[PDB]
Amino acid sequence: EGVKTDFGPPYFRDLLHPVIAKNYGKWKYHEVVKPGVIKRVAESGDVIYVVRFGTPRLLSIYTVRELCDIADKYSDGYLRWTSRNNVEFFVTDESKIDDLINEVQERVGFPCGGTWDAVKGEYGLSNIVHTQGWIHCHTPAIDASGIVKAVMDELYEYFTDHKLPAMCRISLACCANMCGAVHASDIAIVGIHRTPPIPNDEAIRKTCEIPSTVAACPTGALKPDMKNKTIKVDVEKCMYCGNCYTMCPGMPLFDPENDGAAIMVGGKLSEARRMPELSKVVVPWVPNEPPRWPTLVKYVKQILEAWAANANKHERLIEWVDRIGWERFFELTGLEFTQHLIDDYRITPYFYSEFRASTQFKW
């Protein structure tokens, strides 16, 4: 026989609740009933309630088994995750919705919420997309799971209710690889280094292919040292991206006292009302202070609170700034502008600013 390979993921259509399978592509409209609860009405007349819960993303298999029992009891043995790692159950009997929410809350400690309603114009904060950090990654400047936990404990009320005037996405990347959506988020936490690499000549020789390590440096900071068959760093040109360490174990630059997070704001992915946008740095650096990261959490909430207090309905962070300007933004958020925030990343081509980075155009 030989082992089976190249068979792919099980076909989703066979994993769909029968009411979803039946009404596939034949929905009339959705209606956000309450935070965490969305009613979907098919053209057939079928009505399905999709109930959403926040999760820590890292799950115990025993938790998954618990969610399985719950799904068997309330949603006919079917569920899904969302693209922000919330978990959803499908309920046909509206009189059972609350029994479900209470049973999840009680059995696995997951809160109902993470929804928003553009119709009324009232929005929850959903989950934070984040990476592995110290749990599994070899190149992190910050932890991912500890910071998300700390930030969500503080902004918890925003997840369970629809308290914000517009959509706000928060994301975290534990280094400048930015593994997720930090580069296009309303608020983004990004791990950075502040110290250059110290070439370890013996490790570079044994394990590093020099030309491709050299070419990974965005600034030209690295050059080969032919005589000693190694690499030299020009510290004047190094901005601590860590990319040379991804390539080469003989190029570490970690420093637990100077590694930290930058805070970026004003990314947007959707097209609604205004074109997508890359997030922008507004706090250069905050230290790692496990387990609660209070300086970092304090700035994230400061930024979110100032935005929520002055935003009009639908006006996401970048839109708010389109209205008021960066001058008033730094004033209202209590943030200091410094030279760090003046862009100096030279390699990027200006012509990219003239490409249409969006699906908005006229036919």
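The numbering used is simple: start at 1 and walk along the sequence shown.
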Fill in the blank from the handout: Avg C-alpha B-factor, entry values, 54-62 vs 331-339, higher side is 331-339
Exercise for the section: May I ask you to compare 144-152 and 216-224 by their mean CA B factor in the entry and name the higher one? Expected result: 216-224
Problem - Top residue by Cα temperature factor, when 80, 163, 130, 194 are compared in the entry - result: 163
Handout entry: Member of 190, 170, 241, 233 with the greatest C-alpha B factor (per the PDB record)
Key = 233
Practice task
Determine, from the deposited record, the chain-internal third of the Cα B-factor for residue 74: lowest, middle or highest.
Solution key: middle
Exercise for the section: Rank-wise, by C-alpha B-factor, drop residue 208 into the lowest, middle or highest third of its chain. Expected result: highest
Completion exercise
Chain-relative C-alpha B factor for residue 254 (record values, thirds): the highest
Practice task
Could you say whether, by C-alpha temperature factor, residue 261 belongs to the lowest, middle or highest third of its chain?
Solution key: lowest
Completion exercise
In terms of its chain's C-alpha B-factors, the third that includes residue 287 is the middle
